[PDB]
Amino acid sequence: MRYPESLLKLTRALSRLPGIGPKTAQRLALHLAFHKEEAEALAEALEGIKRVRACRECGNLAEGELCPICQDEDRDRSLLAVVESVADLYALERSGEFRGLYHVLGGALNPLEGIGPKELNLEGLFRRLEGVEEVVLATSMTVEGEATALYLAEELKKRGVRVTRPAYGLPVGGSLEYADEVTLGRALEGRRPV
């Protein structure tokens, strides 16, 4: 469709973003061209995020050295949560049921994609076990996240610390009829007294 170079340069850059097809790229590029003020603000914010980097301790996004979680003094440092990504950390933190610390991996273990202990931010985890009561293995509830969990569990039980896994089960407001048979089966097996 497009022909001006800076417009096409913008549309092409917008298309590199994940979950942004060429049709959305064009609509946004046109919009940015017709709203100079907004486009300048976005360029300012993009320059602004050059500073941001992985936290020295977590792997969580941080202004400068330490992330907001690590440099919070009101934090139960007896608790630690292993997590695959920053998006998952935010979800956990948004839940409100956790005031521990986090360790952010680079992803999950995956033999089929050659992803293993060296590729993940893993060796850093074992250096931070000082006065850590509990480690929550809060990896994804997938084949890959479960494989990661079992590996961390084996390695953590060796080094003398208890490990817990968040519950498989039904989601809140969920009907039994529309849940899958595996999730439903785990929910039954992990049923609790009341």
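When you see a residue number, it is the position in the sequence shown, counting from 1.
Set 86 to 94 against 118 to 126 and average the Cα temperature factors; 118 to 126 ends up higher. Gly64: CA B factor in the highest third of modelled residues in this chain (values from the PDB entry). For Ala108, the recorded CA temperature factor ranks within the middle third of the chain's modelled residues. Sorting the modelled residues of the chain by their CA temperature factor places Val163 in the middle third. Among the modelled residues of the chain, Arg53 sits in the highest third by CA temperature factor in this PDB entry.
In the deposited entry, the Cα temperature factor of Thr11 sits in the bottom third of values across the chain's modelled residues.
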